[PDB]
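Only one structure is covered here, and it is reproduced in the block below.
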Amino acid sequence: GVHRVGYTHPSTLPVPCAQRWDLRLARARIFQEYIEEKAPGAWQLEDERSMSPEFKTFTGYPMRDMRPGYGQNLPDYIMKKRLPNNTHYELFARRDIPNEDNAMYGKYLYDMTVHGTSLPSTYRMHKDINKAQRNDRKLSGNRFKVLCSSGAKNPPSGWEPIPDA
Amino acid sequence: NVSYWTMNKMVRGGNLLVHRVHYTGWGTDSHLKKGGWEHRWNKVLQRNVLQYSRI
Amino acid sequence: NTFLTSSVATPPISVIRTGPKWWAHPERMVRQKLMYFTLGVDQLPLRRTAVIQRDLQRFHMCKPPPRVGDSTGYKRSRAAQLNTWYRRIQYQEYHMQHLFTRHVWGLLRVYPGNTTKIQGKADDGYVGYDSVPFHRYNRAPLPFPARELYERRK
Amino acid sequence: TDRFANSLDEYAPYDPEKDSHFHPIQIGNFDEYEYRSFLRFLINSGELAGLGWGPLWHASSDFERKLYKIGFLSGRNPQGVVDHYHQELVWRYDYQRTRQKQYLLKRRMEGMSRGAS
Amino acid sequence: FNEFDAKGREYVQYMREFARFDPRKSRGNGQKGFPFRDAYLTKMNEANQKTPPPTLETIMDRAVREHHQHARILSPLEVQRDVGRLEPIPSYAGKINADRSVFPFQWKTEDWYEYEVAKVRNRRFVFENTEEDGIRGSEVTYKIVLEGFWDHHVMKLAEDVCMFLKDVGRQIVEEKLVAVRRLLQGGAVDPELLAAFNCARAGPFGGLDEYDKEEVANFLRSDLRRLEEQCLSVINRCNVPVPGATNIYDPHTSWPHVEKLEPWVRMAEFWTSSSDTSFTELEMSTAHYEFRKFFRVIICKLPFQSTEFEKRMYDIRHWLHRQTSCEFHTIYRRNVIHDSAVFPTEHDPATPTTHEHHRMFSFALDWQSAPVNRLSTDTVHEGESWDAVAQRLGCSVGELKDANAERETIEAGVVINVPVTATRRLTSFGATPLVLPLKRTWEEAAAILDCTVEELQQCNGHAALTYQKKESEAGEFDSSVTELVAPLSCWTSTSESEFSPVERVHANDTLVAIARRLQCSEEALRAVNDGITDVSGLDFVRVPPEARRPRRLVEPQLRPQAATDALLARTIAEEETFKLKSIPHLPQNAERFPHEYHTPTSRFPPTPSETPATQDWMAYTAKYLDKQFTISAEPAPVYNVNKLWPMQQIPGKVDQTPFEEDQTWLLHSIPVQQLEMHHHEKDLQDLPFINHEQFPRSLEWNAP
Amino acid sequence: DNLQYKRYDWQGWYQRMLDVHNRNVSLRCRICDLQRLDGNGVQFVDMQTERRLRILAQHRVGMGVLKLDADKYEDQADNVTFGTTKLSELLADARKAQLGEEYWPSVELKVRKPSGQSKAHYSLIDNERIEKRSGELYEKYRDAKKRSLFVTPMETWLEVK
Amino acid sequence: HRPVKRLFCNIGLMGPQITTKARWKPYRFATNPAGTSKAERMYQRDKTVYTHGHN
Amino acid sequence: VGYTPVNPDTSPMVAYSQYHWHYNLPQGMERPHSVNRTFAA
Amino acid sequence: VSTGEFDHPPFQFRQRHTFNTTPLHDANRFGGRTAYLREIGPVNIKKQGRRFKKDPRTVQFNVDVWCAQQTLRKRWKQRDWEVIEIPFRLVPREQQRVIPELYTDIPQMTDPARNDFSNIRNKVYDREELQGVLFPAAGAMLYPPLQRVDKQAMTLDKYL
Amino acid sequence: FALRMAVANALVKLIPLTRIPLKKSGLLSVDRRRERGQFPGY
Amino acid sequence: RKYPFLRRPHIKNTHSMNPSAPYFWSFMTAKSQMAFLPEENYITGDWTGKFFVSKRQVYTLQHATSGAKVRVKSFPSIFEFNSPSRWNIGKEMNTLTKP
Amino acid sequence: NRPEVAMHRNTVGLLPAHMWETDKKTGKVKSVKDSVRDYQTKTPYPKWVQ
RNA sequence: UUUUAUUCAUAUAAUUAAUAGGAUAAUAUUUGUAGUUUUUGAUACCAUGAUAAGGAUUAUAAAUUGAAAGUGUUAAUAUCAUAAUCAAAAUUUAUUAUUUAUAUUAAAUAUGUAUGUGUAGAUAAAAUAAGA
């Protein structure tokens with residue numbers, strides 16, 4: 001029931017001894033443990049689903065905090081949580097690249113070393129070949145979409161495109 | 001870390017090394033067979049954290 | 001009793017067809033036997049349905065004998081007769097169980113579920129604290145202090 | 001389903017030597033003689049009073065099988081003896097009467113054949 | 001083995017090991033120390049100690065059959081059911097007596113739970129490198145974990161690596177054995193080794209240890225004999241596995257041996273219908289696949305540290321099999337020096353720290369990182385003599401002169417070195433603040449304090465606010481500012497500003513216990529207490545300066561207030577400028593509504609108010625019902641009683657023990673889980689069915 | 001790594017991740033190995049020192065082995081010195097149970113509630129005064145009953161503000 | 001109902017029977033006004049007021 | 001197949017095809033490569 | 001072992017109150033704690049209905065915490081004692097030893113050489129003998145000495 | 001049923017001649033029946 | 001289609017009903033009333049003008065006292081909180097839209 | 001007060017009952033008068049600030 | 001003259017080209033590497049693969065606890081190898097298997113409307129550790 005927890009000093013004791021509260025304070029000082037003052041004494045809930053050998057999910061360790069009102073916002077969770085640095089998140093952020101052959105080496109450097117020139121993508125090559133076939137067949141209906149229109153609107157001096165037909 | 005469609009394509013092709021099991025079971029893993037996803041979750045947590053002394 | 005909500009009713013054939021799960025559950029049958037014994041009456045129908053259920057459950061695994069060898073003219077009719085006779089015995093046991101449960105409720109001042117009849121003191125189906133303000137099947141309006149069926153003391 | 005609806009919520013150990021000023025007398029479960037007398041009274045007086053198998057006597061085994069089986073079930077604890085005496089109705093794996101019925105039917109079939117021959 | 005099946009071979013082994021289990025042997029190792037639980041708990045159960053005798057009916061039937069019917073009743077084992085053969089009677093016919101203490105196993109639930117939890121917990125608490133002879137006991141232990149996509153791949157890799165390490169270890173242990181034999185033939189005792197042996201001030205016989213070369217050589221010879229035996233055991237266990245019969249998994253048969261490990265299997269469950277049909281169709285089109293990884297563990301227990309062997313085992317990753325990886329675990333003996341200088345043993349401070357020093361973010365605010373800086377230098381004061389300095393520093397004159405022997409005499413002011421083992425060493429940044437009185441500018445104050453002007457300004461704080469642009473205005477405001485607090489770096493400790501001036505006598509401490517605790521003489525204590533010879537007369541007894549073992553004021557590794565004042569100096573200046581007397585965090589009638597205003601640190605169930613007469617029924621009677629009761633309360637003991645156990649709630653705080661009645665739990669203000677479950681360590685891995693693993697290690701992976 | 005996280009750019013950060021994941025260092029020390037005479041001539045840890053050490057390390061000690069697992073810093077080179085420092089702090093605090101009995105840890109002893117034989121005297125304490133008061137309380141009870149049908153103990157002896 | 005049950009638990013003269021043997025009216029039946037005498041009272045409360053069944 | 005090329009390192013098809021090493025084999029080292037010692041830089 | 005239930009029944013179609021079937025959140029289940037999770041009346045899922053009362057995980061955790069509270073109270077009711085700190089000098093020989101912490105060693109035994117094998121952490125000591133140490137200053141006559149029946153006495157139970 | 005099978009096997013191991021009655025009564029005969037595994041489709 | 005509890009892919013599917021009198025504070029607001037106001041109530045840097053305040057900002061007295069126009073995004077192009085009042089104080093903007 | 005632990009402790013004094021016009025016959029609130037008009041406050045911001 | 005169930009909830013908003021290494025290494029400011037501008041299929045089209053539905057039959061008797069789930073095609077759909085003018089953040093937008101009467105909102109914003117004697121037509125499912 002409701003009561004006030006009593007403390008007796010070793011000097012006041014008929015025979016001196018090291019009090020368990022003093023030992024707890026020493027252990028907290030040694031291990032830098034935060035003593036929670038507002039922890040109720042009537043909430044010593046054992047995680048039976050992980051501590052009772054009579055259960056299938058027995059593990060020998062409490063896997064739950066047994067607090068319904070527990071979330072990531074509270075400073076206790078913030079202090080006792082784990083940062084995601086160097087975790088599976090960090091592994092994924094560098095490994096799950098859409099193009100696999102870009103985490104090992106740069107495409108331009110690999111091409112300039114193994115080959116002599118930087119190769120385009122397979123899709124780009126297919127588009128170029130299809131453009132070649134279309135130009136051979138019809139050579140009409142194509143646009144002139146470019147990045148910079150300066151060189152097309154103001155062609156260099158001495159530039160004369162030969163007509164087709 | 002791929003969608004279901006991509007995973008299914010890579011499994012039907014020869015692009016991922018996976019081992020087919022029964023579609024309506026728990027698999028080879030004893031943690032899965034002895035509690036399921038939550039039990040394997042707890043076992044992963046125990047291996048990662050709840051085995052050190054944490055001085 | 002502790003169950004006081006609205007309840008649906010099922011044909012006795014359904015509960016009889018339910019084998020050693022609800023109808024032939026040994027714990028429930030032992031409770032019914034205790035109810036009969038504490039009232040000091042024989043449990044003949046309960047024992048009859050008990051032996052019937054034991055015989056049925058023992059050989060439920062075994063495959064039926066070839067029906068071609070059996071004569072449809074006589075053997076099938078005999079089997080139907082035996083099945084109906086067993087079903088009637090189980091019906092009698094079911095009715096006896098319900099009757100004695102009502103009687104023990106009335107003796108022990110146990111308030112039944114809604115729309116449940118206890119002969120002698122309700123006679124029309126006691127209803128109390130129901131989702132519907134009016135009494136079902138009677139359309140009688142219900143007060144908030146639903147009904148004091150028994151005397152106050154004890 | 002709860003046989004302990006009216007049981008006390010104590011969960012407290014009790015030592016009569018340290019918790020009473022009277023002389024403690026320790027009482028154990030029934031031995032073989034008391035258990036046999038208790039069970040014989042229950043079964044036979046119940047059958048005579050009309051609270052037993054009665055016409056369905058052949059559905060249950062003989063007294064020796066009942067005494068043996070109930071003793072194992074209860075451990076010769078008097079409350080367990082009473083409970084298993086009631087629970088005998090739902091015994092499933094007692095084949096004594098079934099075997100006897102087949103044997104006696106076989107005996108009478110042979111006897112009729114001998115009479116005919 | 002033809003004798004038993006798998007379960008027979010397991011339970012017979014359990015019975016055999018329990019038949020010689022000894023609790024003393026359980027130290028050192030981990031789960032191997034736990035005996036056969038079924039027999040251990042049934043032995044620990046008191047009810048099993050009393051075994052009822054054979055019943056009266058049993059003994060009477062047996063006596064009637066034997067002494068009356070002349071037919072001894074046969075036991076079921078000895079009686080023969082076979083009608084065609086006379087099988088020989090087994091030796092266990094009726095010789096084995098019946099005892100509840102041994103069989104069948106009956107235990108208690110609390111003991112079973114405690115045993116199971118302890119066995120699960122104590123797995124990594126195994127001391128691998130011991131002095132035991134045989135399979136166990138060595139100097140260094142190497143665990144090579146080989147990981148592969150396929151089980152047969154990792155198995156064959158394990159076999160190859162085991163044979164390679166067998167050859168390499170045989171070579172290395174052979175050369176070490178040659179060296180050990182050559183040392184055992186003859187050797188010279190190292191003078192450094194002899195000096196190391198002769199280093200204890202007091203030996204195991206109350207004095208100096210006069211160790212000579214004969215004794216040191218004898219100890220070395222014993223160590224070398226043990227090493228030779230271990231090397232021979234390693235070589236013999238390595239020379240066993242010929243191709244005809246090889247048992248690589250047996251530690252006795254093969255070295256190094258290999259042990260199995262549970263594979264890492266992770267099922268992926270995904271939909272396989274490319275068509276975006278209904279949810280039911282998608283769920284029906286669900287397939288399970290899994291990612292597998294198989295591991296094998298190779299254990300090399302060498303009786304010595306071998307750098308060459310470490311190199312040869314590290315370099316196996318270059319010639320591992322195809323698609324196979326390896327990781328290395330090293331467990332080697334090391335020597336750790338624990339000196340009583342940086343981590344001394346002394347009395348607890350006179351004013352002990354409370355729970356307020358152990359708060360959230362307190363580790364970075366009011367706790368230093370151990371060890372605390374203890375001053376080794378000392379400035380000799382005027383008038384202090386050679387013996388007076390030693391007495392002041394709580395050290396011997398011989399130790400002091402050994403520390404400072406280059407100085408024949410100590411002048412009025414000199415910088416000497418205190419002995420390292422002194423018990424009265426001061427601590428840097430003494431708690432007493434330093435005050436400068438100017439009667440003058442900031443530059444002059446900084447020059448006289450030997451501190452930077454910026455640090456002086458930020459430590460003073462209010463002086464900066466008072467002083468205007470001109471140094472003349474600063475000097476004018478110096479009258480209002482009066483004394484200036486020196487920066488924390490300039491504070492100096494004192495021989496009496498660190499240790500307690502008075503000591504607390506216990507209830508049963510005489511004039512000898514206090515002297516023993518303070519390491520002072522009784523006559524000195526009596527002289528410093530003005531000749532009073534009665535401990536009971538005074539509640540506090542002053543400690544003389546002659547005490548070798550004094551009590552400090554506060555904890556040495558405690559951050560002073562000025563340290564964090566420098567951290568948040570500008571907040572102090574701003575609050576002084578703005579005159580923020582208080583900041584009310586709660587509204588007027590906050591306590592009026594007990595459920596609306598809940599702090600993020602508030603918890604449930606709420607603690608009701610304390611009543612001064614609800615401790616026990618005697619107090620309740622003496623207070624309210626029959627107040628004429630003579631007995632005030634129950635005879636509480638003089639020692640501490642912990643109501644909430646095994647909890648250690650802060651003393652003096654009103655708290656309630658866990659409730660015993662269901663009504664209290666049901667009707668008390670306790671919420672339910674309405675949102676997602678959050679775990680501090682399972683914030684990663686997302687949720688179940690989204691379990692994340694950075695590394696596909698085995699689930700039952702044992703860390704070194 | 002030797003499979004696909006070598007000889008390329010990602011190898012560096014993969015190796016750094018592996019080292020950070022394996023930064024844990026476990027230091028094991030036996031209490032039997034600690035129980036030896038020190039240089040001063042006394043036993044380094046006595047029975048009381050061992051008990052205090054076990055209390056200080058609630059779960060860090062086990063099977064007679066003191067195990068400290070340090071993950072404090074990203075590298076084992078700093079984890080080892082952090083573990084040694086913390087072990088030295090723990091040993092310094094545990095050796096304190098040698099300066100006197102006041103540092104000896106107390107034994108948590110399960111003390112029973114008073115037995116039934118002792119509780120039986122709760123009725124008989126102050127028996128004579130209780131009976132003397134009961135006589136006049138009966139007098140008051142009958143005096144009140146002379147005018148009232150039902151008499152509460154509040155009238156007789158219970159006090160309500 | 002809530003403070004009544006809490007008072008019955010606090011007084012303790014009834015003991016632990018409040019939740020084990022004592023029976024209590026349902027929520028919306030025990031939230032009725034003082035004098036109703038009709039089971040058709042919870043449906044006659046004000047509907048324009050959004051108060052989660054608190055009149 | 002497709003604009004995205006297959007990864008020859010983790011693809012079981014290319015790993016266990018006729019032109020590479022199957023998983024039902026001894027899985028030993030293919031060849032003891034030595035580059036830095038034959039010609040260092 | 002235990003006979004009651006620990007897991008919340010699964011979510012299916014609406015369970016009608018009949019033979020061998022009970023409504024999922026009837027007042028009988030969990031004593032009366034299904035009241036918290038009960039969503040009274042027919043519910044239109046489009047607008048009416050709280051999500052957590054239907055989520056199978058949150059309700060399972062609520063059932064688990066309720067069962068944990070029940071286990072805690074039933075365990076604490078077994079306590080007929082309290083823990084008192086003794087200065088280690090006045091305890092008997094069976095307590096003057098290095099008692100390991102909980103879950104840090106095998107279950108220890110009190111003086112096995114004295115034919116006593118009971119668990120040491122579950123030993124409970126009465127005050128009739130500990131009054132001398134607990135209350136030295138009080139003295140007088142508190143908790144009068146516990147009378148112990150003489151086993152070797154011809155009483156009625158010995159068939160005298 | 002599992003307990004009965006275990007006890008029957010233990011009896012057969014202890015007394016070999018008890019094998020015939022238990023085997024004829026089908027006490028050592030294991031049934032491979034198994035409850036359906038988890039599947040989101042159902 | 002089913003999705004993990006309290007992780008619905010739709011973010012604006014939450015229909016804030018009419019405010020409930022009995023709680024009126026432990027619903028669609030901060031779990032504790034001793035917490036600071038969210039960042040939307042304040043100005044981080046030197047902006048050039050806010051198009052419309054987000055619906056997560058709590059309502060304060062200064063909204064009705066200053067008189068400056070406030071607007072949020074809803075099913076129409078924009079909704080301005082015309083005719084400011086003092087009854088809606090301590091509540092976020094999402095509770096006064098009825099989408 | 002919320003109905004969780006303390007609801008019977010609510011009193012009509014907490015209810016303003018002056019910023020709205022209520023039905024004198026039934027008791028329901030008919031209309032609400034303007035509140036921001038001539039609002040009286042000692043300090044719109046907390047006193048300690050500025 | 002045989003058994004079981006079925007009220008199901010979000011849905012569009014605007015811009016996507018390159019390689020470059022650091023302490024304990026016998027030396028590189030390469031510290032800090034500097035040459036605009038001729039191209040164009042999906043911000044909205046790739047038709048081809050998987051899936052859905054889904055079946056087959058030999059095991060005598062003794063022994064043994066054993067010796068026991070398998071798919072075409074027709075269909076619809078779709079994000080892949082194949083044919084340039086445009087959906088993914090500002091979501092109302094209606095998308096099958098839900099908690100019904102002793103106690104009911106505390107931690108990321110987490111549902112105020114259908115009590116009515118459980119009363120239609122159609123639809124789906126299984127002989128699988130259960131007990132036709």
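Following the order of the structure tokens, chains are lettered A, B, ..., residues in each are numbered from 1, and ligands are numbered from 1.
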
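The environment of region 34-40 of chain M within 9 Å, counting only C-alpha atoms (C1' of nucleotides) and disregarding residues fewer than 4 places along the same chain, consists of residues 142, 143, 144, 145, 146, 147, 148, 149, 150, 151 and 152 of chain A.
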
Output file for the selection above: N, CA, C and O atoms, as a short mmCIF file (atom, residue, chain, number, x, y, z; two decimals), in the first residue's frame:
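Dumped everything to out25.cif:
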data_model
loop_
_atom_site.label_atom_id
_atom_site.label_comp_id
_atom_site.auth_asym_id
_atom_site.auth_seq_id
_atom_site.Cartn_x
_atom_site.Cartn_y
_atom_site.Cartn_z
N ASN A 142 11.02 14.36 -87.90
CA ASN A 142 11.84 14.53 -86.72
C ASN A 142 11.88 15.99 -86.29
O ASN A 142 11.81 16.90 -87.11
N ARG A 143 11.98 16.20 -84.98
CA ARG A 143 12.08 17.53 -84.41
C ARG A 143 13.55 17.94 -84.31
O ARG A 143 14.43 17.28 -84.87
N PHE A 144 13.82 19.04 -83.62
CA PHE A 144 15.19 19.48 -83.37
C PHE A 144 15.34 19.91 -81.91
O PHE A 144 15.86 20.98 -81.60
N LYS A 145 14.87 19.07 -81.00
CA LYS A 145 14.95 19.38 -79.57
C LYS A 145 16.40 19.29 -79.10
O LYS A 145 17.01 18.21 -79.16
N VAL A 146 16.95 20.41 -78.65
CA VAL A 146 18.32 20.49 -78.16
C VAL A 146 18.31 21.21 -76.81
O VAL A 146 17.33 21.82 -76.41
N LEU A 147 19.45 21.11 -76.11
CA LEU A 147 19.58 21.79 -74.83
C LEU A 147 19.77 23.29 -75.02
O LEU A 147 19.00 24.10 -74.49
N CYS A 148 20.79 23.68 -75.77
CA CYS A 148 21.09 25.08 -76.05
C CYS A 148 20.75 25.37 -77.50
O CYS A 148 21.30 24.73 -78.41
N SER A 149 19.85 26.32 -77.72
CA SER A 149 19.43 26.69 -79.06
C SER A 149 20.28 27.80 -79.66
O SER A 149 20.01 28.21 -80.80
N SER A 150 21.28 28.29 -78.94
CA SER A 150 22.12 29.36 -79.48
C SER A 150 22.85 28.90 -80.73
O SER A 150 22.87 29.61 -81.74
N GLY A 151 23.44 27.71 -80.70
CA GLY A 151 24.22 27.22 -81.83
C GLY A 151 23.38 26.86 -83.04
O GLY A 151 23.93 26.77 -84.15
N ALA A 152 22.08 26.65 -82.86
CA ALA A 152 21.20 26.35 -83.98
C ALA A 152 20.55 27.61 -84.54
O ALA A 152 20.35 27.72 -85.75
#

ask   = What's the 12 Å shell around residue 37 (chain E), counting only C-alpha atoms (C1' of nucleotides), without same-chain residues fewer than 5 positions away, as JSON, numbers by chain?
value = {"E": [11, 14, 15, 17, 18, 21, 31, 32, 42, 43, 44, 45, 102, 105, 106, 107, 108, 111, 112, 113, 114, 115, 116, 118, 119], "I": [106, 107]}

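Residues from chain H found within 8 Å of chain A are residues 3, 4 and 7 of chain H, counting only C-alpha atoms.
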
Counting only C-alpha atoms, what are the residues of chain K within 7 Å of chain G, and for each of them which pair of atoms is the nearest and at what distance in Å, to one decimal? Sort the table by chain and rising number, as CSV.
residue,atom,partner,partner_atom,distance
K:20,CA,G:51,CA,5.6
K:21,CA,G:51,CA,5.4
K:22,CA,G:51,CA,5.8

inquiry  = Can you work out which residues from chain E touch chain H at a cut-off of 7 Å (counting only C-alpha atoms) and hand them back as JSON, numbers by chain?
reply    = {"E": [153, 319, 321, 322]}

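In the backbone-derived DSSP annotation, strand (DSSP E) within region 11-136 of chain F comprises residues 25, 26, 27, 28, 29, 30, 61, 62, 65, 66, 67, 68, 69, 70, 107, 108, 109, 110, 111 and 112 of chain F.
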
Near-residue 121 (chain I) list (9 Å; only C-alpha atoms (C1' of nucleotides); drop same-chain fewer than 5 positions) as number ranges by chain = F: 109-110; I: 99, 102, 107-109

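Between CA of residue 70 (chain F) and CA of residue 84 (chain F) the separation is 9.5 Å.
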
Select, as a PDB file with C-alpha atoms, in the first residue's frame, those residues of chain G with any atom no more than 9 Å from chain E (distances computed using only C-alpha atoms).
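Now in selection.pdb:
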ATOM      1  CA  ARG G   2     -16.303   5.213 -11.569  1.00  0.00           C
ATOM      2  CA  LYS G   5     -16.610   1.843  -7.453  1.00  0.00           C
ATOM      3  CA  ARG G   6     -13.463   3.643  -6.305  1.00  0.00           C
ATOM      4  CA  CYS G   9     -12.714  -0.171  -3.092  1.00  0.00           C
ATOM      5  CA  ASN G  10     -11.177   2.477  -0.817  1.00  0.00           C
ATOM      6  CA  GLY G  15     -13.122  -6.244   0.470  1.00  0.00           C
ATOM      7  CA  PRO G  16     -12.000  -7.539  -2.924  1.00  0.00           C
ATOM      8  CA  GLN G  17     -15.577  -8.533  -3.819  1.00  0.00           C
ATOM      9  CA  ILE G  18     -16.252  -5.428  -5.942  1.00  0.00           C
ATOM     10  CA  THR G  19     -14.695  -6.916  -9.089  1.00  0.00           C
ATOM     11  CA  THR G  20     -14.976 -10.625  -8.203  1.00  0.00           C
TER      12      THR G  20
END

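If you measure from each of E:178, E:80, E:266, E:432 to residue 44 (chain B) using only C-alpha atoms, the closest one turns out to be E:266.
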
ask   = Near region 31-48 of chain D, counting only C-alpha atoms (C1' of nucleotides), which residues have an atom at most 7 Å away, once you skip same-chain residues fewer than 5 positions from it, shown as a list in words?
value = residues 53, 54, 67 and 76 of chain D; 57 of chain E

Dump as a PDB file, in the first residue's frame, selection limited to N, CA, C and O atoms:
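Okay, result_31.pdb is ready:
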ATOM      1  N   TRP D  53     -25.288 -46.233 -12.936  1.00  0.00           N
ATOM      2  CA  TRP D  53     -25.580 -46.689 -14.291  1.00  0.00           C
ATOM      3  C   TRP D  53     -26.952 -47.344 -14.372  1.00  0.00           C
ATOM      4  O   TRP D  53     -27.711 -47.094 -15.314  1.00  0.00           O
ATOM      5  N   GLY D  54     -27.291 -48.175 -13.391  1.00  0.00           N
ATOM      6  CA  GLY D  54     -28.558 -48.862 -13.386  1.00  0.00           C
ATOM      7  C   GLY D  54     -28.696 -49.805 -14.561  1.00  0.00           C
ATOM      8  O   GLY D  54     -27.916 -50.749 -14.726  1.00  0.00           O
ATOM      9  N   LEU D  67     -11.766 -49.692  -9.577  1.00  0.00           N
ATOM     10  CA  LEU D  67     -10.884 -49.435  -8.444  1.00  0.00           C
ATOM     11  C   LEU D  67      -9.464 -49.150  -8.912  1.00  0.00           C
ATOM     12  O   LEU D  67      -8.811 -48.221  -8.426  1.00  0.00           O
ATOM     13  N   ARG D  76      -5.537 -41.808  -4.800  1.00  0.00           N
ATOM     14  CA  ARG D  76      -6.132 -42.139  -3.505  1.00  0.00           C
ATOM     15  C   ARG D  76      -6.390 -40.896  -2.657  1.00  0.00           C
ATOM     16  O   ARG D  76      -6.414 -40.966  -1.427  1.00  0.00           O
TER      17      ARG D  76
ATOM     18  N   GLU E  57      -0.873 -52.553   2.342  1.00  0.00           N
ATOM     19  CA  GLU E  57      -1.420 -53.579   1.459  1.00  0.00           C
ATOM     20  C   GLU E  57      -0.323 -54.242   0.641  1.00  0.00           C
ATOM     21  O   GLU E  57      -0.318 -55.466   0.475  1.00  0.00           O
TER      22      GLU E  57
END

ask   = Contacts of residue 84 (chain K) at 8 Å or less, counting only C-alpha atoms (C1' of nucleotides), minus same-chain residues fewer than 4 places along, as a list in words?
value = residues 63, 64 and 67 of chain K; 36 of chain L

request  = Please identify all polymer residues within 9 Å of residue 76 (chain A), counting only C-alpha atoms (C1' of nucleotides), omitting same-chain residues fewer than 5 positions from it, and present them as a PyMOL selection string.
outcome  = (chain A and resi 81) or (chain E and resi 360+601)

Export N, CA, C and O atoms of the chosen residues as an mmCIF file, in the first residue's frame?
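Final file, out-v5.cif:
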data_model
loop_
_atom_site.group_PDB
_atom_site.id
_atom_site.type_symbol
_atom_site.label_atom_id
_atom_site.label_comp_id
_atom_site.auth_asym_id
_atom_site.auth_seq_id
_atom_site.Cartn_x
_atom_site.Cartn_y
_atom_site.Cartn_z
ATOM 1 N N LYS A 81 17.479 4.920 -26.632
ATOM 2 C CA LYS A 81 17.339 4.373 -27.971
ATOM 3 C C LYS A 81 18.705 4.253 -28.645
ATOM 4 O O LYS A 81 19.739 4.639 -28.095
ATOM 5 N N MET E 360 18.902 12.604 -15.930
ATOM 6 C CA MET E 360 19.076 12.599 -17.374
ATOM 7 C C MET E 360 19.945 13.780 -17.785
ATOM 8 O O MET E 360 19.709 14.913 -17.356
ATOM 9 N N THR E 601 7.447 12.980 -18.364
ATOM 10 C CA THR E 601 8.071 12.050 -17.436
ATOM 11 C C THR E 601 7.096 11.478 -16.414
ATOM 12 O O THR E 601 7.487 10.607 -15.630
#

query = Taking the backbone alone, and naming residues the way the document does, which bits of chain K are alpha helix (DSSP H) by DSSP, as a ChimeraX atom specification?
reply = /K:61-66

Which residues of chain M have any atom within 12 Å of an atom in chain L when counting only C-alpha atoms (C1' of nucleotides), and what is the closest pair of atoms for each, with the distance in Å to one decimal? Order the rows by chain and rising number and write it as JSON lines.
{"residue": "M:103", "atom": "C1'", "partner": "L:4", "partner_atom": "CA", "distance": 11.8}
{"residue": "M:104", "atom": "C1'", "partner": "L:4", "partner_atom": "CA", "distance": 9.9}
{"residue": "M:105", "atom": "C1'", "partner": "L:4", "partner_atom": "CA", "distance": 8.5}
{"residue": "M:106", "atom": "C1'", "partner": "L:4", "partner_atom": "CA", "distance": 10.5}

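Using only C-alpha atoms (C1' of nucleotides), the contacts of residue 19 (chain F) at a cut-off of 10 Å, with sequence neighbours closer than 6 positions omitted, comprise residues 13, 74, 75 and 76 of chain F.
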